[PDB]
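Visitor: Below you'll find the sequence and an experimental structure to go with it.
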Amino acid sequence: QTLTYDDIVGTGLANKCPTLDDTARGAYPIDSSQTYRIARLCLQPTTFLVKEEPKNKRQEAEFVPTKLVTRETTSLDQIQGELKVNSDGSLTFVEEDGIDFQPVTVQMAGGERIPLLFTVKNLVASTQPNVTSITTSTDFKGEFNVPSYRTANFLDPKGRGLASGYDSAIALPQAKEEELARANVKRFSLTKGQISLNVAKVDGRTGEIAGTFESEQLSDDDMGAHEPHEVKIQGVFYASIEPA
Amino acid sequence: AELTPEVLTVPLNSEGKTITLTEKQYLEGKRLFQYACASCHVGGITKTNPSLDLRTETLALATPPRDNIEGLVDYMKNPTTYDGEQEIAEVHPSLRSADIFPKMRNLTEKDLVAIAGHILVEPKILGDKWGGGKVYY
Amino acid sequence: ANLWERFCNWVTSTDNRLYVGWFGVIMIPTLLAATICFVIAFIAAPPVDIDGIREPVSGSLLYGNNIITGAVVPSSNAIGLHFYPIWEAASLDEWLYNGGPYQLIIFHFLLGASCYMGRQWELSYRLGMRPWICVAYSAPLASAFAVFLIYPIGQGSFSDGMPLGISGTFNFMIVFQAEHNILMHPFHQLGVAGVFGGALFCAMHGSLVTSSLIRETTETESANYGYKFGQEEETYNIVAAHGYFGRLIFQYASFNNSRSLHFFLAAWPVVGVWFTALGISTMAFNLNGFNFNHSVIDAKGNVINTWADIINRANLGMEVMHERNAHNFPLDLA
Amino acid sequence: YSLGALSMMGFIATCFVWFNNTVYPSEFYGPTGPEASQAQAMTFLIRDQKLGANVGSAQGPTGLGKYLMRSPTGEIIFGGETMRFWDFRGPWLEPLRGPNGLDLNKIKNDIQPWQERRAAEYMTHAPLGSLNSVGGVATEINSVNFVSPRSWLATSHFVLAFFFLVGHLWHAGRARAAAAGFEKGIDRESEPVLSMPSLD
Amino acid sequence: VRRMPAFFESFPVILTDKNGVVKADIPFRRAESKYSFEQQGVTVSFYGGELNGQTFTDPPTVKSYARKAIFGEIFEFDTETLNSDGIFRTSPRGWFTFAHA
Amino acid sequence: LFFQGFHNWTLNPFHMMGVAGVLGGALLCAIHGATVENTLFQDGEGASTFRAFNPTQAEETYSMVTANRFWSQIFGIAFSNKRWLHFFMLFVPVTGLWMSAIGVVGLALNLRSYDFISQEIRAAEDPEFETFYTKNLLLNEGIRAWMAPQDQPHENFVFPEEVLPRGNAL
Amino acid sequence: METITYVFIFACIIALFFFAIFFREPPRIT
Amino acid sequence: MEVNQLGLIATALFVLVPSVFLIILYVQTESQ
Amino acid sequence: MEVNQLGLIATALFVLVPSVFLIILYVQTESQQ
Amino acid sequence: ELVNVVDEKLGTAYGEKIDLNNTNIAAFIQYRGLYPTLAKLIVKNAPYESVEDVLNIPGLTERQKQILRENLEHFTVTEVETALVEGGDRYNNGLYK
Ligand code: CLA
Ligand code: CLA
Ligand SMILES: CC(C)=CCC/C(C)=C/CC/C(C)=C/CC/C(C)=C/CC/C(C)=C/CC/C(C)=C/CC/C(C)=C/CC/C(C)=C/CC/C(C)=C/CC1=CC(=O)C(C)=C(C)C1=O
Ligand SMILES: CCCCCCCCCCCCCCCC(=O)OC[C@H](CO[C@@H]1O[C@H](CS(=O)(=O)O)[C@@H](O)[C@H](O)[C@H]1O)OC(=O)CCCCCCCCCCCCCCC
Ligand code: HEC
Ligand code: OEX
Ligand SMILES: [Cl-]
Ligand SMILES: [Cl-]
Ligand SMILES: [Fe+2]
């Protein structure tokens, strides 16, 4: 219902997206002469999976489950952007703004910790063509940017960084700089991710939708110092569409 | 070194007229600056927006310019943004906004010049320290 | 008689090798929990994100530390002052990450050490003694509450409590100097006089009693066998020590009452240490050390630096480097 | 007993005046330490937003939001070191709070000038300062003569509370010793320990 | 290059002119830097020893000879034979003095 | 503070022995004064107990036997020999200052215990390896660069703003 | 190997505590 | 961790040798 | 030579520990008479 | 193969002039009348091909177009550097006093 901050605080519910009834399986019509926007988009991860490093013999690497260790701090919400109607009839969402990143650390068997910037920054998600109405079989597929996990000012434990910091290993004054370059030289990565959103609950009266999502993106590489992992994120999402 | 009239001579207006000050007025305007302004402007910086300081060079490139007494006294009545396009007395203390910034209610016109001359004098004394921040403490 | 009383008599028994007592009933299990968690974490705890910025600090021997660099690491700033028992975590893995062992250890320890204090009273009552030893111990106890409890409260986070480590302790001291100028605080000056003066009077009292030992042995045996335990008489001539020390200085700077002399030895370091713990506890609320930066100026207004200004340059270098990735805005207000 | 009671109460008083801005209004007593630390983040969200920053999507250096992040139960809270202080509640700030914490739409649209003023006033009056009443951090230059009443009252009442707890232990133990009849020392003729079996 | 004093485990790279006016450095914060080698186009030419007559002009190379110029004259070292770790040690003059004092 | 930022004097075993000798002296000072004061024999009928001691008396003014038992049972050990106990009091602090004096003679030569090599070799290769050891070194670097120009005027250190080391914001 | 050495020495000290308390020279009263 | 490998033998003898000295002297006191 | 580094700790302990044992028992044998 | 991209940028025109595509918004204080009003506009519309495309920003008053003309000699443009513009760093680059 109309709960309040003081109802919610400390419960873990601030990290949950809203939901629609078992019975909201209707459909929202798209008046192509019209303009639209996602007034709020919320993504809530429920599982993080990391691809394992198959040995030189390999055969195949699988996505293994991982333990979340950073608590109910993982959700993306208050995301806004405009829902265009294209000419083949498809719908395309274009993010503007929103809390569209969360840093997250999960932990693999054996104890390896894997940070990642769970994000949909600059998302661009489209429907199949000729969608006159949004329904409980509508899908968007999209891509986003994943900037470096740390940004340019971040200094390492020996004081080294990109936009700031030592440019060398000062505790070893006369070592050979050559084998240290990958840690002396901070690099700022920007990669692309992918996300599918499967609408499964629609409430045409209010303009709300709800469904599942699954994304794949890279984990932190620590400004160039090691190789990233592939990560697969699944969860649920909630959206509100308003006439623009 | 000592506090002299050549030190205490600061631009009065942008017409290059000047005015010379007393020991009494510089010290008078130090006290009032402490009372009314330094909570934010200690040593020539601005705590709530460190990008703007009171270095006379910064004051020079303000629209209107503020590296003189009249410009400063005006800013203390009707403050604007650096570029002149916005009045900001709703958030910056001023005589205009002395109903929300009480410490201004009892400032006389002789007081606002005391403060302005202090501001314009102080960097002749301290140089880089004034407006510099912790690097120069 | 009945069960509850046979047990009550065992608890308060003065014949147990180690006194238990009612304070001992709370003390034992809590020290045991603190000690066991601490030994396991020091050795094996994985890295701990102390400042809430997902930048874990390794404190344990198996993760690359030695005795001097290791520590049990304070819980995360993201927790601040919230209670974080194991049961509040979704997994031991989360708990370890966010620094839970630190909270478990310091509460069981603070509790068990406060009952240590009461135990000192309790056994003195069963033994017919005067009761105030526990008062002396309150000076170290109070100092421990300061760095582990009071200072986190005032600053809003157990992430700023003292780490459980040799190097971590230095880390805490240096950041304290930059943020409070503790060296310029009178209560810590009272603490140094506390412990310099204690060690002084320690070396003095020993040196002067050892100087006045009564020949009871030959040159081939330890002097120590000139004393036998529970002997009725004294083993040194205090009149002789007064005569020596009364002349080292002058006659009335010298104690000749044994009772006055020992109460002096108790009171000096206890009070001083009370003051330095009071000083950590009031700098918990940002009532900081004297500030004479740019306090001396010349006729014109130039700053004439003093030694206080040099101290501030040191303080400033600690200020700007500490927790280097943790500040987004220009003041470090806690 | 009363020394014990009063000790407990000075400690509570200490914590009342440091954290509580209801019966200790900040209009009268200056901001609380959390209040000042929170007000600093608000200040620089406002300014940067005025310049054009999208404060909800600004990744800071660590990967955490420069301006906004989640607490450990998910609530949206101010970023930076003030994350420890998200429990703060004050009339100048509660307006911008929705069900899941701070509302980004209200941040974008509803920040009144009186809040910009309160927030700046409070961050420049944070309860930090020196014993000779130079106000600010320890590295601050002389100029501003200020130590918050919250510091003066909480420090002074901790000191008092602590020394009254020491009072308790002194007089409680003496009162037991005296009622047993050995407050003046051990009776040489009846030294209890002598009637005790050895520990080994 | 201003030379490292004995007190300092570490020392910044600061280049002055014959008078001492700072003219180039390697900055920590890059954002408002005004003296970087890139900005000043500083170069290293060598005279004597292995490098005699050589000149380097790209900043990364000029930067690493700049970090050794704080130590004085620049020598080729063999660090593989002894598995040297790159951290300075004292001489027997030092070890004798310490032992006897 | 100079000794922290240039010599890393806190990390030095000889200062650690001195620190243990001073705080240990203060400990023995306090705990022996309180034990004597709280095992005294009743030798007058007044509440001020000080007036019940004559410097010329033969008798011990407090009970070594009962003190011993208290501490055996509180702490597990106690002193039993009054000569050993007072010699140990001369010993502990006196030996502490001597050990600290040795470390300073090393610092006369800049023979510091400034680093742990193994930590530096790892930290240099592994940018996620952080310990309290490395945090403290960053603080030292700050102390050195911020205080030296003014601490050592005769050197004419000029550090442009842009070479001064600083974390974010501060 | 270094961790093992630190822990072994620590372990020996705990053992020494045990004997020093429970197997002390028992003090007696001549 | 790339530690000094004579550290083990140095710690070991630093413990062993003076400890053997004390044990030798305690046991031969107890048997007279 | 590229030799086993525990060889040294091994030899030292192999020698020291049985030796100290024999010495400890010898010296307390002499302290009896 | 591995270079600090920010250090490379200081050898470009970013190191001499206000880079309309990269420089932090506080650098516009250096010159009269740009800050804050036009700084916001320059940055909000940032990515430009040539320095003079900045006169085509929608809404400029005629005094605004003239101020910019006066300060075109103090501008340059280079390629957008990802590390310089992400994190909202153009609005706040972590530098205060
Ligand atoms: C010569 C220089 C010097 C000297 C003499 C001192 C002296 C002191 N300083 Mg200062 N300090 C200095 C320089 C100096 N400092 C510098 C340069 C800085 C700035 C970097 C600081 C920063 C600083 C801080 C920040 C703090 C000190 C504190 C102290 C005090 C520490 C002792 C203490 O708390 O005992 C008190 C006793 C204890 C702490 C012990 C508690 C014992 C518990 C109850 C039992 C533990 C038992 C154990 C776990 C198990 C043992 C069992 C075993 C037998 C098996 C003392 C008065 C501290 C202080 O005042 O604390 C209140 C403090 O917090 N100093
Ligand atoms: C030198 C000694 C000293 C001094 C000057 C102070 C000074 C102060 N103390 Mg402290 N205090 C001290 C020692 C001291 N304290 C000691 C030793 C302790 C024990 C550890 C405490 C514990 C303590 C507590 C627990 C608290 C204070 C507080 C305070 C402040 C408010 C006092 C007050 O109003 O009391 C109250 C006054 C009385 C009890 C007298 C009764 C008055 C009647 C009931 C009032 C009725 C009023 C009513 C509205 C009128 C209605 C009229 C009509 C409409 C019907 C004040 C600045 C308060 C504070 O600010 O803490 C931060 C507080 O809460 N004190
Ligand atoms: C691997 C893992 C798990 C480890 C955990 C890591 C951890 C952090 C451990 C690291 C520990 C570490 C390295 C230790 C450092 C210690 C270090 C600095 C060593 C100092 C060495 C030393 C040689 C220094 C030189 C100076 C020196 C001699 C100091 C000695 C100090 C000393 C022992 C003082 C005595 C302390 C004390 C508790 C005494 C109790 C006395 C007592 C029983 C009094 C009782 C008593 C009183 C009376 O009055 C009467 C009358 C009677 C009758 C009576 O009984
Ligand atoms: C104008 C400003 C306002 C004025 C303010 C005044 C404040 C002053 C308070 C006066 C305090 C009263 C004296 C103390 C009580 C007393 O005398 O103790 C009891 C005994 C009695 O003396 C003994 O007296 C005995 C007789 S009797 O017991 O007094 O009756 C006698 O037998 C014996 O020989 C003799 O030594 O005193 C001592 O034994 C002598 C040494 C006293 C040392 C002072 C006590 C506390 C020291 C702590 C210092 C902390 C320093 C911190 C370091 C970091
Ligand atoms: C904090 C609440 C402040 C107080 C108190 C005072 N000023 Fe201020 N000042 C503040 C800000 C945030 C700004 C920037 C305004 C903007 O353009 O956004 C300023 C600016 C000034 C200036 C302009 C300086 C320049 O570089 O152009 C001046 C001359 C100035 N302030 C003076 C001043 C005086 C004299 C005050 C006391 C009477 C005073 N300010 C109070 C914040 C705050
Ligand atoms: O965490 Mn630990 O340290 Ca007390 O200030 Mn703010 O916070 Mn952080 O900074 Mn400086
Ligand atoms: Cl730090
Ligand atoms: Cl911050
Ligand atoms: Fe004694």
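Guide: Done, it's in. Numbering: from 1, shown residues only, chains lettered A, B, ... in the order given. Ligands and ions are numbered 1, 2, ... in the order given.

Visitor: Surely residue C:325 touches residue C:57?
Guide: No. Counting by CB atoms under 8 Å, residue C:325 sits too far from residue C:57 to count as a contact (12.0 Å). Using the backbone N, CA and C atoms, a C-beta is placed for each residue, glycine as well.

Visitor: For the residue of chain D at minimum distance from chain A, give me its contacts.
Guide: Nearest to chain A in chain D, going by CB to the nearest CB, is residue D:74, at a distance of 2.8 Å. Residue D:74 sits next to A:12, A:13, A:14, A:15, A:16, A:72, A:73, A:75, D:100, D:101 when contact means CB atoms under 8 Å, 6 or more residues apart in numbering or on different chains.

Visitor: gap between the residue nearest to the third one when sequence neighbours are not counted and chain E?
Guide: Just to be clear, that refers to residue A:14. Once flanking residues are discounted, residue A:14 sits nearest to residue D:74: 3.4 Å by CB to CB, 6 or more residues apart in numbering or on different chains. Distance, residue D:74 to chain E, by CB to the nearest CB, to the nearest Å: 34 Å.

Visitor: ok so, going back, just the buried members of the contacts of residue D:74?
Guide: Taking 16 or more other CB atoms under 10 Å in any protein chain shown as the criterion, what is buried in those is A:13, A:14, A:15, A:16, A:72, A:73, A:75, D:100, D:101.

Visitor: which residues does the fifth one contact?
Guide: Contacts for residue A:72 (CB under 8 Å, 6+ apart) come out as A:12, A:14, A:15, D:70, D:72, D:73, D:74.

Visitor: mind listing which of those residues are in strands?
Guide: Counted as lying in strands by DSSP state E, out of those, are residue D:70.

Visitor: Now, the contacts of residue A:72 that are in helices?
Guide: Judged by DSSP state H, helices contain none of the contacts of residue A:72.

Visitor: mind putting the contacts of residue A:72 in CSV, distance to residue J:88 included?
Guide: Formatted as CSV, the contacts of residue A:72 follow (distance: CB to CB, whole Å):
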residue, distance to residue J:88
A:12, 29
A:14, 24
A:15, 24
D:70, 18
D:72, 24
D:73, 26
D:74, 23
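
Visitor: Against chain F, how distant is residue C:7?
Guide: Distance from residue C:7 to chain F, counting by CB to the nearest CB: 19 Å.

Visitor: returning to that earlier point: of the contacts of residue D:74, which is the nearest to ligand 1?
Guide: residue A:73 (32.1 Å; CB to the nearest ligand atom).

Visitor: how many neighbours does the residue of chain C found nearest ligand 5 have?
Guide: Residue nearest to ligand 5 within chain C (CB to the nearest ligand atom): residue C:330, separated by 12.6 Å. If you count neighbours by other CB atoms under 10 Å in any protein chain shown, residue C:330 ends up with 22.

Visitor: check contacts around residue C:273.
Guide: Taking CB under 8 Å, 6+ apart, we find residue C:273 in contact with C:139, C:140, C:142, C:143, C:191, C:194, C:195, F:26, F:30.

Visitor: in chain D, what residue is nearest ligand 5?
Guide: Nearest to ligand 5 in chain D, going by CB to the nearest ligand atom, is residue D:120, at a distance of 4.5 Å.

Visitor: what about that residue, neighbour count?
Guide: Neighbour count for residue D:120, taken as other CB under 10 Å: 23.

Visitor: likewise residue A:59?
Guide: Look at residue A:59: counted by other CB under 10 Å, it has 6 neighbours.

Visitor: residues contacting residue 161?
Guide: All of this refers to chain A. Going by CB under 8 Å, 6+ apart, residue A:161 touches A:152, A:153, A:154, A:155, A:186, A:223.

Visitor: wait, I meant chain D there
Guide: Shown in contact with residue D:161 (CB under 8 Å, 6+ apart): D:6, D:7, D:8, D:9, D:10, D:11, D:13, D:14.

Visitor: Wait, the second one touches residue D:167, no?
Guide: What it means is residue D:7. Yes. Using CB under 8 Å, residue D:7 is in contact with residue D:167, at 7.4 Å.

Visitor: who's more crowded, these two?
Guide: When residue D:7 and residue D:167 are compared on other CB under 10 Å, the one with more neighbours turns out to be residue D:7, at 20 against 15.

Visitor: my read is the more buried one is in a strand, agree?
Guide: No. Applying DSSP: H, G, I helix; E, B strand; the rest coil, one finds residue D:7 to be helix, outside a strand.

Visitor: ok, how many other residues are close to whichever residue of chain F sits closest to ligand 5?
Guide: Closest residue of chain F to ligand 5, CB to the nearest ligand atom: residue F:169 (17.3 Å). Close neighbours of residue F:169, defined as other CB under 10 Å, add up to 25.

Visitor: element containing it, please.
Guide: Assigning secondary structure by DSSP states H and E places residue F:169 outside every helix and strand.

Visitor: can you check residue A:196 too?
Guide: Residue-wise, residue A:196 maps onto strand A:190-203 under DSSP H and E.

Visitor: what helices or strands is that strand leaning on?
Guide: In terms of contacts (3 or more CB pairs under 8 Å, 6 or more residues apart in numbering or on different chains; DSSP states H and E), strand A:190-203 is packed against strand A:121-126, strand A:139-147, strand A:208-218.

Visitor: Repeat the analysis, applying 6 Å as the threshold.
Guide: strand A:139-147, strand A:208-218 (3 or more CB pairs under 6 Å, 6 or more residues apart in numbering or on different chains; DSSP states H and E).

Visitor: ok, now how distant is the nearest residue to residue C:197 once chain neighbours are set aside from residue F:26?
Guide: Excluding its sequence neighbours, the residue lying closest to residue C:197 (CB to CB, 6+ apart) is residue C:268, at 5.5 Å. To residue F:26, residue C:268 is 9 Å away according to CB to CB, to the nearest Å.

Visitor: Since that was my last question, I'll sign off now.
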